[PDB]
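Breakdown of the fold
Single-letter residue listing:
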Amino acid sequence: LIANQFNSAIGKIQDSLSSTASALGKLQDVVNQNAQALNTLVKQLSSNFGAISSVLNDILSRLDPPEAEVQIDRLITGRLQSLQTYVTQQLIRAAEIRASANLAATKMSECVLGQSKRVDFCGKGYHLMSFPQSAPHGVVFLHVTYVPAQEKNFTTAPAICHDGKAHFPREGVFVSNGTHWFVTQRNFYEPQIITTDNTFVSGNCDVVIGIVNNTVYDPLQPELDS
Amino acid sequence: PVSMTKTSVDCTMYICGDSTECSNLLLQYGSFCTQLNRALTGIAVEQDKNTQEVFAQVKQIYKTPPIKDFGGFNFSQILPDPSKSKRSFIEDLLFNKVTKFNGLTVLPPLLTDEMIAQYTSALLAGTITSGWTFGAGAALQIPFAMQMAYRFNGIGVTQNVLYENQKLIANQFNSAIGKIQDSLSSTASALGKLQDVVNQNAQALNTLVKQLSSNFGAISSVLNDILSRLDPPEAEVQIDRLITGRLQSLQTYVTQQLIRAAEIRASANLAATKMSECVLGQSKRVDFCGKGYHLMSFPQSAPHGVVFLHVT
Amino acid sequence: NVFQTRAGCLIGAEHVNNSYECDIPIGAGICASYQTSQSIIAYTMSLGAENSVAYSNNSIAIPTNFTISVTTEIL
Ligand SMILES: *[C@@H]1O[C@H](CO)[C@@H](O[C@@H]2O[C@H](CO)[C@@H](O[C@@H]3O[C@H](CO)[C@@H](O)[C@H](O)[C@@H]3O)[C@H](O)[C@H]2NC(C)=O)[C@H](O)[C@H]1NC(C)=O
Ligand SMILES: *[C@@H]1O[C@H](CO)[C@@H](O[C@@H]2O[C@H](CO)[C@@H](O[C@@H]3O[C@H](CO)[C@@H](O)[C@H](O)[C@@H]3O)[C@H](O)[C@H]2NC(C)=O)[C@H](O)[C@H]1NC(C)=O
Ligand SMILES: *[C@@H]1O[C@H](CO[C@@H]2O[C@@H](C)[C@@H](O)[C@@H](O)[C@@H]2O)[C@@H](O[C@@H]2O[C@H](CO)[C@@H](O)[C@H](O)[C@H]2NC(C)=O)[C@H](O)[C@H]1NC(C)=O
Ligand SMILES: *[C@@H]1O[C@H](CO)[C@@H](O[C@@H]2O[C@H](CO)[C@@H](O)[C@H](O)[C@H]2NC(C)=O)[C@H](O)[C@H]1NC(C)=O
Ligand SMILES: *[C@@H]1O[C@H](CO)[C@@H](O)[C@H](O)[C@H]1NC(C)=O
């Protein structure tokens, strides 16, 4: 059953990617931002900044150096300011991309090379593993996670008394279908008889709040009787 | 801190307010306005993205049951009460401890404070009634005493330690919440982090505006005054000086905003991580969730930011 | 036909009493979307279907089945 669910889920990923493309907005946004930065940088070349003509050779020809100097100096100031603005945009955007790259490195080291227990760090749900896939200027993870599905409203109790002593479940929780009592692991209903092995004793009936009487079976009574 | 104030600045009405000659001069500098406007809009949207990532992590909007059988713990100082702004008490203490002519529009945040309060009440009700499970899938209710049993057993302390000391732990937790209430209500230098962001942006705006009253080497800092006092064959030069000056001031402000917004986004991603790992579950990263072994946490909104109560 | 929001003056969208997920953000919590002959409506976005967990002092809900989702994360 797990195999079939995992295969079908991979298939749904295949389809989701193949049909809609707004899932890859993150990479496309970086590419478009840099393309527009370059296009603005270039289109700044066609501006006068208060000079005569946006072409350099044209100013060198149309005038004399005693004024081509001033016109040029204006163009140089303008283009230099535009260039610094572009480089500052690039510095900031590169700091941000380095942030996402360190984050991806962490996510691959903790989420592929091992199984993590950081909630929602590796896809919504309990984390099982992940597989990376390349993508143009970036990475794409497939967080294979485990999600509990369909529950039941059981009745519980923090401990049970059998012989005056309190009994707490070793690794599980005490549930009851209204008729009997069982101890079951927290994440998957799999009831078990409450032996003296599933539980461990402590104190007496007095102190815990909400305890319920019951009979904790003991595996030694059969052999001891026989 | 989670978000700045979404500010937008019309380049033109700033640099060349109501002077056609000035606008037509500015057009010679090219696409600087388009660039600055696009940058400030990028920031102004990243803010709403930040708040979205920090708070909107719950799929539904849970609600505590009306009765309050929580094994003896008392959450009335953090759960909402309908008697106000449907916020809670400590959210109020937080909201009280924190205290236009030139295109300086201040857009409103997409999530209004009531909706932020509803998100945080949802996360709080989920953590109270369902443990961490509401962050892994469908919320599964479980008596609070047992949830603290699991939280203990998670840090290497068997359950009977909790069950035998339930009343003592309840009293300690209630009294600690009370001390938080007092600590916030009396001193206010605990909220220095949010107030510092607000003041930094206020001073940035005030410097931007007070740059309007500078000559940059021109005749008079007023535009119409230069247009009147002289002729275009010299008003052009005087203006061009004013435009260069105001444009430089505007770029400096927008660069300050870009950097400060990168920093606030750093703190917002950190808050998102801290809420996903520290509320929606119990962490084992030392000192990541308050000094000590970590038991759980409850978030509380605050003007442009979040405030956790790491119960450890 | 002419709505007045805490963001500004919306022109050309009906103001509904309903509440759906935010499709196009506006501000101050208002979100607009194109829906049913149809038109553009501007509502106050809803945060999700409210839900009251049947909490008690002795009721626990345990799963019986599981599903293996496979999500994607792009960086
Ligand atoms: C736990 O959940 C899984 C969910 O996949 C359950 O398995 C699925 O159960 C449904 C309902 O019976 C199956 O659908 C039916 O499949 C049969 C196969 O011949 C078909 O005749 C029906 O028309 C319908 O499609 C589905 O196949 C099945 N999935 C797998 C992979 O077996 C599973 O039963 C649940 N566990 C428990 C204990 O309920
Ligand atoms: C573990 O530490 C806790 C710390 O709270 C201990 O509980 C506290 O113990 C002090 C000392 O006895 C109590 O103070 C006294 O309370 C009585 C109550 O009537 C009063 O008559 C005295 O004047 C004094 O105030 C305090 O109440 C108590 N706190 C609680 C919540 O019970 C606890 O005893 C320690 N455990 C062990 C095993 O020592
Ligand atoms: C849980 O059981 C205790 C005691 O259990 C009794 O003694 C056991 C050895 C076994 O024979 C059980 O069937 C008995 O019920 C109960 O404590 C008693 O409560 C009664 C009041 O009904 C009181 O008269 C007795 O003195 C108490 N003590 C004993 C030793 O009987 C307790 O009430 C039970 N609780 C629940 C929720 O069932
Ligand atoms: C939980 O704590 C609140 C206070 O945070 C308690 O409310 C107090 O109740 C007493 C008795 O009714 C009053 O004297 C106080 O004035 C109340 N204070 C406030 C701030 O309301 C409440 O009793 C505690 N217990 C429960 C079960 O809610
Ligand atoms: C739960 O609350 C009901 C309400 O009266 C009470 O009768 C019962 O004893 C309580 N049980 C526990 C374990 O708190």
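This text goes with the structure placed above it.
Structure report, in brief.

Here we look at the overall build of chain C
Check the secondary structure of chain C and you find 0 helices and 10 strands. Listing the helices and strands of chain C from first to last along the sequence gives β-β-β-β-β-β-β-β-β-β. Computed over the C-alpha atoms, the radius of gyration of chain C is 19 Å, more than 25% above the 11 Å expected from 2.2 N^0.38 for a compact globule of 75 residues.

Points about the interface of chain C and chain A
Taken together, the contact pairs 18 residues of chain C with 42 residues of chain A. The junction of chain C with chain A conceals about 3000 Å² of combined surface from both sides, 64% of it contributed by carbon and sulfur atoms. When the buried surface of chain C facing chain A is broken down by residue, C:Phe66, C:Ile74 and C:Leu75 rank first, second and third, together holding 26% of it. Where chain C packs against chain A, one counts 1 salt bridge.

Comments concerning the pattern of salt bridges
In this structure the tally under the stated criterion is 10 salt bridges over all chains. A:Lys107 serves as the salt-bridge partner of C:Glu73, at 3.3 Å between the closest nitrogen and oxygen. Here C:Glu73 is found in strand 10 (residues 70-74), whereas its partner A:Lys107 is found in helix 4 (residues 65-111) on a different chain. A:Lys107 gets classed as buried once you look at its relative accessible area, which sits at 3%. Put simply, B:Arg265 and B:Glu46 hold a salt bridge, and the shortest N to O gap is 3.0 Å. This pair shows no difference in class: B:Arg265 is buried, exactly as B:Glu46 is. Among the charged side chains, a salt-bridge network with shared partners connects A:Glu110, A:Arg118, B:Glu277 and B:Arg285.

What to know about helix 9 (residues 192-210) of chain B
Residues and elements named next belong to chain B. Relative to the 27 Å expected for 19 residues at 1.5 Å per residue, helix 9 spans 26 Å between its end C-alpha atoms, a close match to the ideal helical length. Buried within helix 9 we find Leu194, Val197, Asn201, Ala204 and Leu208. What you see down the axis of helix 9 is that its buried residues fit within an arc of 95°, all on one side. Summarising the geometry of helix 9, the exposed residues directed more than 90 degrees from the buried face are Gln203, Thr207 and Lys210. Of the surrounding elements, those touching the buried residues of helix 9 are helix 1 (11-15), strand 3 (104-106), helix 11 (232-278), strand 4 (296-302) and strand 5 (305-311).

Looking at the sheet that holds strand 8 (residues 199-202) of chain A
All names here are of chain A. Taken together, the 4 strands give an open sheet; going across it, the order is 8-5-4-9, and neighbouring strands pair in mixed fashion. This sheet does not close on itself; its edge strands, each paired only once, are strand 8 and strand 9 (212-213). Sheet analysis places strand 4 (residues 160-161) next to strand 5 (residues 166-169), joined by 2 bridges and oriented antiparallel. Paired with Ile160 across the bridge in strand 5 is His167.

Observations concerning the interface of chain C and chain B
Many analyses report the size of an interface as the accessible area lost when the parts associate. Between chain C and chain B, the residue contacts involve 25 residues of the former and 24 residues of the latter. Looking at the side of chain C that touches chain B, the elements that each hand over two or more residues are strand 4 (24-27), strand 5 (30-35), strand 7 (50-52) and strand 8 (59-63) of chain C. It is strand 8 of chain C that provides the largest number of residues to the side of chain C that touches chain B, a total of 4 residues. The residue inventory of the side of chain C that touches chain B, partitioned by class, reads 15 nonpolar, 9 polar and 1 charged. The pairing of strand 2 (residues 61-63) of chain B with strand 7 of chain C spans 3 bridges and is classified as parallel. Bridge pairing in strand 7 of chain C places B:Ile61 opposite C:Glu50.

Notes on the state of the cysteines
As used in these notes, a disulfide is a covalent bond between sulfur atoms, one from each of two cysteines. All names here are of chain A. In total, this model carries 6 disulfides over all chains according to the counting rule given. Disulfide partner of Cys111: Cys122, at an S-S distance of 2.0 Å. Within this pair, whereas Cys111 is found in helix 4, its partner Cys122 is found in the loop between helix 4 and strand 1 (126-135), the two being separated by 11 residues in sequence. The two residues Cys111 and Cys122 agree in class, both being buried. Between the sulfur atoms of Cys161 and its disulfide mate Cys205 the distance is 2.0 Å. One end of the pair, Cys161, is in strand 4; the other, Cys205, is in the loop between strand 8 and strand 9, and 44 residues separate them in sequence. Note on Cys161: relative accessible area 4%, which makes it buried.

Some words on the sheet that holds strand 8 of chain C
The sheet built from 4 strands is open, its strands ordered 7(A)-6(A)-3(A)-8(C) with antiparallel pairing. In the strand order of this sheet, the two ends are held by strand 7 (182-184) of chain A together with strand 8 of chain C, each with one partner. Within the sheet, the average angular offset between the axes of one strand and its neighbour, ignoring direction, is 55°. Note: strand 3 (residues 151-156) of chain A against strand 8 of chain C, 5 bridges, orientation antiparallel. Across the sheet, A:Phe154 pairs through a bridge with C:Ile60, a residue of strand 8 of chain C.

Describing the environment of C:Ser46
Relative to the assigned elements, C:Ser46 resides in the loop between strand 6 (39-44) and strand 7. Setting aside residues no more than four positions away along its own chain, C:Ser46 makes contact with C:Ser19, C:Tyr20 and C:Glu21.

Observations concerning the packing of aromatic side chains
Geometrically, a pair of aromatic rings is defined through the distance of the ring centres and the angle of the planes. Applying the stated criterion across every chain, the model contains 20 aromatic pairs over all chains. Plain terms: the ring middles of A:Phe168 and B:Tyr163 are 5.8 Å apart, the flat faces sit at 10° to each other, and that makes the pair stacked. Within this pair, whereas A:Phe168 is found in strand 5, its partner B:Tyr163 is found in helix 7 (residues 159-164), the two belonging to separate chains. With respect to class, A:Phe168 is no different from B:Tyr163; both count as buried. Between B:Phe75 and B:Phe298, the aromatic rings sit 5.5 Å apart at their centres with planes inclined by 75°, giving edge-to-face as the arrangement. Across this residue pair, the class does not change: B:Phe75 and B:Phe298 are buried. Counting every residue linked through ring pairs, the aromatic cluster contains B:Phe70, B:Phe73, B:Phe75, B:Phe144, B:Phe173, B:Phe298 and C:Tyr55.

Here is what the cut-offs are and how they apply
- Residues numbered from 1 in each chain as written, not as in the entry; some residues may be left out.
- Chains lettered and ligands numbered in written order.
- Part of a larger assembly, values for the part shown.
- Heavy atoms only, no water.
- Residues with missing side-chain atoms left out of burial classes, pairs and counts.
- Helix = DSSP H or I, 4+ residues; strand = E, 2+ residues; numbered from the N terminus.
- Rg over C-alpha atoms; globule rule 2.2 N^0.38 Å.
- Contact = heavy atoms within 4.5 Å.
- Buried area = accessible area lost by both parts, 1.4 Å probe.
- Salt bridge = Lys/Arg side-chain N within 4 Å of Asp/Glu carboxyl O.
- Buried < 20%, exposed > 50% of the residue type's maximum accessible area, 1.4 Å probe, protein only.
- Expected span 1.5 Å × (residues − 1).
- Arc of directions from axis to C-beta.
- Pairing = 2+ DSSP bridges.
- Nonpolar A, V, L, I, M, F, W, Y, C, P; charged D, E, K, R; others polar.
- Disulfide = S-S within 2.5 Å.
- Axes fitted to C-alpha atoms, helices over the stretch in contact; angles between N-to-C directions.
- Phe/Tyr/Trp six-rings, centres within 6.5 Å; stacked < 30°, edge-to-face > 60°.

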